[PDB]
Amino acid sequence: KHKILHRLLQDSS
Amino acid sequence: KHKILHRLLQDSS
Amino acid sequence: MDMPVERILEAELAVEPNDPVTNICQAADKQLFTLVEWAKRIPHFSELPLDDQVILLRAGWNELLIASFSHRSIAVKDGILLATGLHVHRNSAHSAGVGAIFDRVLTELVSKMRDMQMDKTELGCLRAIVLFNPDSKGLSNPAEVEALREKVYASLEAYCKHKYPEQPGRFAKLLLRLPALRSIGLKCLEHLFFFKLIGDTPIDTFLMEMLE
Amino acid sequence: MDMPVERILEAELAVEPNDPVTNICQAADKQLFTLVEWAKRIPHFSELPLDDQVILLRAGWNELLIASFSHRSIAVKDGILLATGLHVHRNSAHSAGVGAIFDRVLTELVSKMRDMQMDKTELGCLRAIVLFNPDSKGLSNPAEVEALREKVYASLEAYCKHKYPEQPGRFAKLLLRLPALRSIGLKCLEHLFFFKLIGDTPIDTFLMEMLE
Ligand SMILES: O=C(O)CCc1nc(-c2ccccc2)c(-c2cc(Cl)cc(Cl)c2)o1
Ligand SMILES: O=C(O)CCc1nc(-c2ccccc2)c(-c2cc(Cl)cc(Cl)c2)o1
């Protein structure tokens, strides 16, 4: 559950 | 004191 | 070009900025966010399945952060420049008990980058090569990452042959800083696991997540 | 040529041959004697001051032994061939509790050597590069070792361009197995230090001396 990495990697910017 | 390495490295063969 | 050095250089330019171990760890955690941004601007990285993007960065992050702060430090004497703006000198590093690994960064990376004047396109390509690590465990398509690695070092060879035609061994020289990088990355990682285990040092959330 | 690939190949040819951890350790100790013989047949090595010859081999031995038994293992399936003549299979390695590092040797080294058909001149040159490690601590003249490293990889580039002209990226590919080698060497070393510390395994005298 790499919560923070996963979130930064989805975000389209 | 790397005894064994030193001895193998001097020997002229 | 399927992997032009122009875009890799832009990636690098786009993300451009008392216990010294605490300072180093604040900087590392800060730069972990900037790392993800960097990776997305490397051609084809964002096209990989999210799971493989995760595996590459989990595999690469420590070497990617070390490559950055090393290159950023070339103009510095006997010290490193952190992303926070703070210079750390080897005297400080020795006095916090991390002299040996700190000396390794100076002697094997910073110095070698200064001596050869490694430019930012070259840092870019080396970091791209390290990112596209086909040996990373659990990749859905290792061949894809291998082929992306192949395209980066082909562009790097050609950049070097064109930009520094007088130095026929420059390409080999660049590639031959990666073993030292691997080695220093693993020793750095062993240190951070110790700072964590011990609770001597504040480890911010994203650094913490990369150490679990 | 100051560093002809002919002589490096001859070096390789000249030194050519139940707990699996015990077997691996008997083989390692046997091959430590053959390593010293090998090193002396690499052009210019024997001309270095004895102290630097000691430093290079102390620095290099683990990677040099790993490069040999990996290349020796290309024709083997899911296993390695020891110098003792004994094949070790990954099932055995897993059952002695060294599966993970064993899988790394198969996936990152053996497989990659088979896939590209790394020839013995190439193994030779990679091992020569690893031997002439200018980053080794305490060298009396790092520039000398750096210059010997430079001459090996220049000969290797030229051998590759001449022998496999159809594969323009072969040289880069060879150099890009050295990080994995560094990584696997350090994890192997951490294992042997554990076998020693614990007294689970017989460690013969010369292996023992390389772990002090
Ligand atoms: O400012 C930056 O760009 C990041 C600084 C940074 N980042 C790590 C690190 C190492 C390894 C993994 C992740 C981050 C380190 C570091 C440096 C030394 Cl000399 C020793 C140690 Cl233990 C760490 O410093
Ligand atoms: O037969 C030979 O040529 C030498 C065999 C050999 N030599 C080492 C070694 C590793 C590292 C340093 C020195 C020797 C190992 C080794 C292999 C695995 Cl898969 C795991 C481990 Cl822990 C060791 O095996």
Side-chain angles (χ1 to χ4, degrees), chain C residues 3 59-60 62-63 67 100 103-109 111-112 115-116 125-126 129-130 132-139 142-143 145-147 149-158 160-161 167-187 189-190, chain D residues 3 59-60 62-63 67 100 103-109 111-112 115-116 125-126 129-130 132-139 142-143 145-147 149-158 160-161 167-187 189-190:
Chain C
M3 184 69 65
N62 60 308
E63 286 177 38
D103 283 352
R104 295 205 53 208
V105 161
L106 296 185
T107 61
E108 294 165 44
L109 296 185
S111 277
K112 299 309 175 77
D115 285 336
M116 69 177 309
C125 295
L126 282 183
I129 286 155
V130 156
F132 293 132
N133 179 355
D135 301 327
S136 307
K137 306 311 172 196
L139 283 169
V145 179
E146 186 166 38
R149 166 166 282 204
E150 270 158 21
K151 302 223 158 217
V152 180
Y153 69 66
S155 292
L156 180 59
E157 186 153 70
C160 295
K161 297 268 180 244
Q167 320 184 19
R170 196 181 174 81
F171 175 55
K173 184 164 196 83
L174 290 165
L175 294 192
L176 285 179
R177 284 300 94 205
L178 291 181
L181 191 60
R182 177 63 63 85
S183 204
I184 294 169
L186 284 166
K187 171 64 63 182
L189 206 69
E190 171 186 333
Chain D
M3 184 69 65
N62 60 308
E63 286 177 38
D103 283 352
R104 295 205 53 208
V105 161
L106 296 185
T107 61
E108 294 165 44
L109 296 185
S111 277
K112 299 309 175 77
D115 285 336
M116 69 177 309
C125 295
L126 282 183
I129 286 155
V130 156
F132 293 132
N133 179 355
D135 301 327
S136 307
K137 306 311 172 196
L139 283 169
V145 179
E146 186 166 38
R149 166 166 282 204
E150 270 158 21
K151 302 223 158 217
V152 180
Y153 69 66
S155 292
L156 180 59
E157 186 153 70
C160 295
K161 297 268 180 244
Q167 320 184 19
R170 196 181 174 81
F171 175 55
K173 184 164 196 83
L174 290 165
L175 294 192
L176 285 179
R177 284 300 94 205
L178 291 181
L181 191 60
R182 177 63 63 85
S183 204
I184 294 169
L186 284 166
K187 171 64 63 182
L189 206 69
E190 171 186 333

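Here is the naming used below: chain letters follow the sequence lines, and residue numbers restart at 1 for every chain. Values below: all heavy atoms of this structure, side chains included; hydrogens, waters and symmetry mates excluded.
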Item checked: C/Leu186 vs D/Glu190 side-chain heavy atoms within contact, under 4.5 Å ->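 Contact flag for C/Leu186/D/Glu190 side chains = no.
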Next item on the list: Could you pull out the closest heavy-atom pair between D/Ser183 and C/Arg182, with the gap in Å?
Entry: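 Shortest heavy-atom separation between D/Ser183 and C/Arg182 comes out as CB-NH1, 3.5 Å.
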Which bit of [X] is near chain D, if near means a heavy-atom gap under 4.5 Å: side chain, backbone, both or neither?
{"X": "C/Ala172", "value": "both"}
{"X": "C/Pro142", "value": "neither"}
{"X": "C/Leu176", "value": "both"}

Next item on the list: Verify side chain to side chain contact (heavy atoms under 4.5 Å, CB included) between D/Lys137 and C/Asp103, making sure each step is shown before the conclusion.
Entry: CA-CA 11 Å; D/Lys137 306 311 172 196; C/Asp103 283 352; over 6 Å; no
Note to self: Once rounded to the nearest 0.5 Å, what's the spacing between atom NZ of C/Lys173 and atom OH of D/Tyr153?
What the structure shows: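 The distance works out to 5.0 Å.
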Item checked: Region of D/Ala180 in contact with chain C, defined by heavy-atom distances below 4.5 Å ->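 Interface part for D/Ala180: both.
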Margin query: Strictly below 4.0 Å, N to O, side chains only: are D/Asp135 and C/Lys112 in salt-bridge contact?
Written below: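 Counted as a salt bridge, because a side-chain N and a carboxylate O are separated by less than 4.0 Å.
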